[PDB]
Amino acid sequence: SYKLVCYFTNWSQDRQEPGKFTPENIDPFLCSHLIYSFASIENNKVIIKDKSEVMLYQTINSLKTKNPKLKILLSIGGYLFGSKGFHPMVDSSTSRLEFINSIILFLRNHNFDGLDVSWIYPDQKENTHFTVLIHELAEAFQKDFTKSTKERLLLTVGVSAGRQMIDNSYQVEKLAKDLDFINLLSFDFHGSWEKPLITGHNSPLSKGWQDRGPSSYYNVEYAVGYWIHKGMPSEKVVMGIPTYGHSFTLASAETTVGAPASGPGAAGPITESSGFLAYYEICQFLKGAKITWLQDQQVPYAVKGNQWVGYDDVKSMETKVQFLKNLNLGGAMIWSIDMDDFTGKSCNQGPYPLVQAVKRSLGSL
């Protein structure tokens, strides 16, 4: 039994085609779990800020009628929300209790199966707050189940794949008791924010030939091994796989991993954010590009003109699924299905080429 946990986002609705996504684009049988990104916190209570909020509820109810086994979770956190978003809610047990009670009511009222807490990232400063918040949610969800005729609300967390951040942020053995599973954020290993500013892959499975010492932690295999080492049962690790890539503008003629970059890559036409591209943008980028498969890191990168893009393709999906099966992981998580070529129109490999390849690979005996 493997999970396929699929994040989708509430900002993809604002994009033009072929990136214009709403919950109606969701195939109810594509994933085992869907996670809505992201809720907000107002007056210490959970809400959803989304012009299409009430239509989301319609889709939730429709999806769960079509596939009664489907679980749909609500996520709070994400990069933009940061640590600031969790204040003032986390500042006392009183304000945290307001929040936890709001969560139970909201999830039940709106037919959600659970909560994902994706705090990006606690670090030293918020380690205690994150830990207590998770512990209090877990306890409250259990108490609520003790009294309910309904299923216990699930509790998951999106967590760092970086060793140092993991060490600083988490009390892993406690997290292993409190969480149903972790959504391991095994991507954003490299990108245009790095100093020195050199090319590197978003989500390498394995270490680079040039990696030594601390740089040898910056890959998926290491991250998964580290979480397990720290006490997370392998079956509670749901390994994140990205459907976006990180891009660089090259500073010289050199086009290899670790070549100098002047900055992020050119923004994609649809996502309009220099430094990343959705898969449906990558399929356009690849026309006229030279693609290299890294034998050391087991992932591709492509170069065209002065642009360098490290991304994940169908070969990477099948490779990463074989790896997670070999390590007895709980499944795969996707960030995010609304950046796969969900329409099928860009890549000409049918709808959701990456996620279908994950599903097919997971299901293959």
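Note that residue numbering follows the sequence shown and begins at 1.
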Quiz item: What stretch has the higher average Cα B-factor here, 241-249 or 126-134?
Solution: 126-134
Quiz item: Comparing 259-267 with 142-150, which has the greater mean CA B-factor as deposited?
Solution: 142-150
Quiz item: Which is it among 273, 118, 292, 164: the one with the largest CA B-factor in the entry?
Solution: 164
Self-check item: Candidate set 72, 282, 103, 90 [ranked by C-alpha B-factor, highest]
Solution: 90
Quiz prompt | Third of the chain's Cα B-factor distribution that residue 335 belongs to, per the entry | solution = lowest
Quiz prompt | Assigned third (lowest, middle, highest) for the C-alpha B factor of residue 114 | solution = lowest
Self-check item: Assigned third (lowest, middle, highest) for the C-alpha B factor of residue 86
Solution: middle
Exercise. Going by the recorded CA B-factors, say which third of the chain residue 204 sits in, lowest, middle or highest.
Key: lowest
Practice problem: Within this chain's modelled residues, let me know which third the CA B factor of residue 57 belongs to: lowest, middle or highest. | Solution: middle
